[PDB]
There are 4 protein chains.
Amino acid sequence: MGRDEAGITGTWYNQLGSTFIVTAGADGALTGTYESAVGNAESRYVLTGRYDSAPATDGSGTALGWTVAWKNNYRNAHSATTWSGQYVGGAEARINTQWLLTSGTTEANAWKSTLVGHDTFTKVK
Amino acid sequence: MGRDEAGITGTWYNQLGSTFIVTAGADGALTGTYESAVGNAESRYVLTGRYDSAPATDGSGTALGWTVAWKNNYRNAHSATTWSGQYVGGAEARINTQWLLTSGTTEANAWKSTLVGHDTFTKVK
Amino acid sequence: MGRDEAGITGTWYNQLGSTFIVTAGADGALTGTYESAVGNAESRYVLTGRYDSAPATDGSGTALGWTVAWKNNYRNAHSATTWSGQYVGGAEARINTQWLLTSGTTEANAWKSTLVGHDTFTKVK
Amino acid sequence: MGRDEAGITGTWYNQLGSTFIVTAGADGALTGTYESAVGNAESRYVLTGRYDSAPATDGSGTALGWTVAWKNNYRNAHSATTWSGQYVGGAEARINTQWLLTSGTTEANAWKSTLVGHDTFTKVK
Ligand SMILES: CN(C)c1ccc2c3c(cccc13)C(=O)N(CCNC(=O)CCCC[C@@H]1SC[C@@H]3NC(=O)N[C@@H]31)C2=O
Ligand SMILES: CN(C)c1ccc2c3c(cccc13)C(=O)N(CCNC(=O)CCCC[C@@H]1SC[C@@H]3NC(=O)N[C@@H]31)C2=O
Ligand SMILES: CN(C)c1ccc2c3c(cccc13)C(=O)N(CCNC(=O)CCCC[C@@H]1SC[C@@H]3NC(=O)N[C@@H]31)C2=O
Ligand SMILES: CN(C)c1ccc2c3c(cccc13)C(=O)N(CCNC(=O)CCCC[C@@H]1SC[C@@H]3NC(=O)N[C@@H]31)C2=O
């Protein structure tokens, strides 16, 4: 709860070397910035999202998600990613996610508008 | 741009009868509430997300995404959904999305933590 | 069972105008050809897959999936799609699917190797 | 080509401890069996799929996919999984996949019919 808040807030790194900095609010909000090590991305981008401010205490992870639109002062990649996953606490804390990356397309190209992938975030690296 | 802002802001309905009410901010923010016609959901839930405040003008859609954590004053479904998609404007304006719904799980059950689906939102119904 | 076999076997069409011709075997096999109305595709491509030869009889759909590699005598698109979904029988019989389309990539590009989408197949159109 | 055939054919293991045994045919076929270490699964299940019998030689992976219906002599889990991904050869050869697992459902429950995940297969473990 406040446990999750404290667990989630901070800097995370994924397997690609991207950096996710986030504050979890007591109200279930996630707010922060994201810097992608790959793709059409430079510097930091705003992120917002939500999390289960009251997960179970049977050892279950904590559900959460967030979005980045790939526009900032330096680039506009006409796209947006959402990550959906769960926070697991402890000595090797992790956010395990799957993500959808959608590009704005013509109607003709809409069938190929969305990439899918997975990112695992840790507190080190 | 301001076009997208004006296009996106408002009430949308999906094929299931769910209701998405959203304000698009000039800064690329999405803020609002979501009421799901199905699943472990009651009343409205906070939503936040982002959108490409400056899509292309070659007739491409506008990328966007948002999250809902399935906790409010009435229920806690220990889960969170992200929708990723694009807004298409005009007489039959649409937000075409794919979504990931993750439940908090034990580590044993993490492989089955995430549902995937698609929702199409329109301004009527 | 033999019901499913009879239900599934035949020609289906999706919302894009693609054509899926399939034989369901008594052993749970699916075999046939696919012709895509869109993308880097021409003529027919082999398809194979499986289905639950013994679904429930509580009105549940019948789970199934199949793959196409996008290589034939005319083109090689260095890619393969899998469709996962369920057959629903009756007067407006449907196969409702989600699909993953993966392209062979460099290791650098693997994070963007896979598109996701949804196709609905019917017996007419 | 024959390279891919030789690369792919054999026994693979994923991070969960599941075992995938496959023969790649010269015609682009994949045929074999799958034994899942997790879920509603026992013993081996038939699998079929396809692969790009002629990938590029710029170091790109080889696209492929396959399906398992979760019915055999011991169990019927009313479901089917498709894996979509790419084979990468060499000293630490890998098949990197994403998967869709669909359960037969009522029409009411169709929105939650499909799980999504990722599996990485290697030749050892
Ligand atoms: C239609 N058709 C041929 C395309 C043409 C162009 C594009 C696409 C795209 C998606 C789907 C198809 C196309 C797409 O997303 N785009 C925009 C790309 N946008 C970007 O590169 C922004 C960085 C995204 C980084 C990802 S987020 C998940 C992962 N985790 C990380 O930390 N980093 C990676 C295109 O141009
Ligand atoms: C591990 N294993 C056996 C499960 C056990 C329980 C659950 C799950 C879930 C996901 C995956 C597996 C399980 C899951 O999400 N859950 C929480 C469900 N949470 C909810 O029902 C909240 C409403 C979500 C409504 C969806 S959002 C996309 C779509 N579009 C709409 O407008 N409405 C629908 C479980 O309990
Ligand atoms: C890495 N990065 C920038 C890409 C560059 C090139 C490509 C990709 C792809 C996928 C992901 C990224 C890229 C991809 O799949 N490719 C191959 C495309 N392959 C094809 O076009 C084959 C037809 C597929 C038709 C689809 S199947 C689901 C749907 N349902 C239907 O009936 N028809 C549609 C690329 O080139
Ligand atoms: C609708 N609602 C509440 C559900 C109720 C029951 C079920 C579901 C399912 C999917 C989605 C929702 C539900 C589902 O798939 N099912 C069948 C499960 N079927 C099985 O357990 C078969 C083993 C699958 C093993 C996976 S394959 C990807 C991964 N990689 C591996 O090597 N092993 C794992 C349900 O019962």
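Numbers restart at 1 for each chain; the letters A, B, ... are given by sequence-line order, proteins then strands. Heavy-atom basis, side chains included; hydrogens, waters and symmetry copies ignored.
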Side-chain donor or acceptor of C:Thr9 paired with backbone N/O of C:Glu5 under 3.5 Å: yes
For residues B:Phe121 and B:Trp99, establish whether the separation of their ring centroids is below 6.0 Å. no
Where is the tightest heavy-atom contact between B:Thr120 and B:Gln15, given as atom of each residue plus distance? N-OE1, 2.8 Å
Over all atoms of both residues, closest heavy-atom pair of D:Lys71 and C:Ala54: CE-CB, 3.5 Å
Nearest-0.5 Å distance that lies between atom CG in D:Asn73 and atom OG in D:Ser43: 8.5 Å
C:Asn76 side chain to D:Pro55 backbone, donor-acceptor under 3.5 Å: no
Has D:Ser113 got a side-chain atom pairing as donor or acceptor with D:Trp111's backbone, closer than 3.5 angstrom? no
Interatomic distance, OG@D:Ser53 vs CZ@D:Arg3, rounded to 0.5 Å, equals 16.0 Å
Between C:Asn40 and C:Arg75, is any side-chain donor less than 3.5 angstrom from a side-chain acceptor? yes
Just how far is it from atom OG1 of C:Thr81 to atom CG of C:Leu47, taken to the nearest 0.5 Å? 11.5 Å
A:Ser36 side chain vs A:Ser18 backbone, donor-acceptor pair below 3.5 Å: no
Treating B:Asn109 as the side-chain partner and B:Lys112 as the backbone partner, does any N or O pair qualify as donor plus acceptor under 3.5 Å? no
Taking B:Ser103 for its side chain and B:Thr105 for its backbone only, find out whether a donor-acceptor pair lies under 3.5 Å. no
Side chain of C:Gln98, backbone of B:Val116: donor and acceptor closer than 3.5 Å? yes
Does the ring pair (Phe, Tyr, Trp, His ring centres under 6.0 Å) test come out yes or no for A:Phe20 and A:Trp66, once each step is laid out? CA-CA 11 Å; A:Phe20 163 55; A:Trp66 67 86; 4.0 Å; yes
Where the side chain of A:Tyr45 meets the backbone of A:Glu42, is there a donor-acceptor pair that is under 3.5 Å apart? yes
Flag, side chain of C:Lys123 to backbone of C:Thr11, donor-acceptor distance under 3.5 Å: yes
Nearest 0.5 angstrom please: D:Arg94 CZ to D:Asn14 CG, how far? 11.5 Å
Centroid separation under 6.0 Å, is that true for the rings of C:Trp83 and C:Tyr34? yes
Given the rule in the side-chain hydrogen bond (donor to acceptor under 3.5 Å, both in side chains) test, do B:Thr102 and A:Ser84 qualify, once you have shown the distances and angles that lead to the verdict? CA-CA 6 Å; B:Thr102 302; A:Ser84 180; 2.7 Å; yes
If you round to the nearest 0.5 Å, how far is CG of C:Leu115 from CG of A:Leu101? 9.5 Å
Any side-chain donor paired with an acceptor under 3.5 Å for B:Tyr87 and B:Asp52? no
Verify, without hydrogens or angle tests, whether A:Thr97 (side chain) and A:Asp119 (backbone) share a donor-acceptor contact under 3.5 angstrom. yes
